[PDB]
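# Commentary on secondary and tertiary structure
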Amino acid sequence: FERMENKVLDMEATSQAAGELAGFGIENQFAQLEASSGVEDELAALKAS
Amino acid sequence: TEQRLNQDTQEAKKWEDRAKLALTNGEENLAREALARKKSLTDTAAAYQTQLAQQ
Amino acid sequence: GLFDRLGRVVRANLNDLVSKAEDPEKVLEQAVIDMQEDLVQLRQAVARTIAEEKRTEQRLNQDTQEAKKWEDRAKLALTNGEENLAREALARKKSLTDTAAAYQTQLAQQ
Amino acid sequence: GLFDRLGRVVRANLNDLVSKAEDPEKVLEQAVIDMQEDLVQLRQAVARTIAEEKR
Amino acid sequence: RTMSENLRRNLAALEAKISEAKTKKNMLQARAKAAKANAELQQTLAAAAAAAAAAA
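Residues numbered from 1 in each chain as written, not as in the entry; some residues may be left out. Chains lettered and ligands numbered in written order. Part of a larger assembly, values for the part shown. Heavy atoms only, no water. Residues with missing side-chain atoms left out of burial classes, pairs and counts.

In its metadata, the entry names cryo-EM as the structure determination method and reports 5.5 Å as the resolution.

A word on the overall build of chain E. Helices and strands together make up the secondary structure of chain E, namely one helix and zero strands. Here chain E has a C-alpha radius of gyration of 25 Å; the compact-globule value for 56 residues is 10 Å, and the former is much larger. With respect to the three principal axes, the spread of C-alpha positions in chain E is 85 × 5 × 5 Å. (Helix = DSSP H or I, 4+ residues; strand = E, 2+ residues; numbered from the N terminus. Rg over C-alpha atoms; globule rule 2.2 N^0.38 Å.)

The next thing to look at is the arrangement of the chains. At the level of C-alpha atoms, the two units chain C and chain D stay apart, their nearest approach being 19 Å. A gap remains between chain A and chain E, which never touch, and the nearest two C-alpha atoms on either side lie 6 Å apart. (Contact = heavy atoms within 4.5 Å.)

Below, the structure written as structure tokens:
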């Protein structure tokens, strides 16, 4: 069980590995802020129609 | 190049109609997806307009 | 020593002749190719520091949830009137919260 | 004694290297196989207590 | 006879925790196989898609 717990920490480490790799995108992320606000603005106009 | 401009501009109108359909169906995430296709078609249409002006 | 200096000069003369033989423009783009793989080596090591940072954060979550478990065992001992077992559970809780502060400090550095 | 402690450290370093060599996932299922035969040993002894009770 | 009630419960409690450890083993091994595949697929695709497109 103790050696298997160390193997469970490989899954935890793999989850953080994907999070650190996703962190490379933070400079580009500003495009997602403008895209998301834009779709809510036209969706609000569509809901108001 | 003027034919490509008419193809990409009518494709942008099609995607705008898909965005309208997504908004009446309450699927705003699909409306943004359709708007992204529309934007790349209008941006390439401006490039074809520039090419056509030179031609 | 004198013969080390003389030895490096005969070896350096042959090495300098080989350095003259290759085109500096071709060697400069080979150096850019080499420098691009050097950045490839750095990103793998840097990404592994993010994985190691997340591993200390996993240990922090393991030891903090273990401290909550022992606090529940202490609560059980107190409702059962076994105050001696409540102190035993609190001693396990204390070593887990003290190592959690060490992992928080390690995580702050990371 | 001091040489007993030093002796166990040189022997333990070699033993720990061998413990690193086997895969913990394979050793964990070998441990479950071993634990299943441990229950096989317990049932034989327990059943013999029933025989001794009846005697 | 009082000892054999105690032993019969201890034998059942032992196989119950052996049984529990075996179901846990399958789930933990599955997660390790899945996590190996997720990492390789995500990293391989993201790297290849960036690299070939930029060069061309």
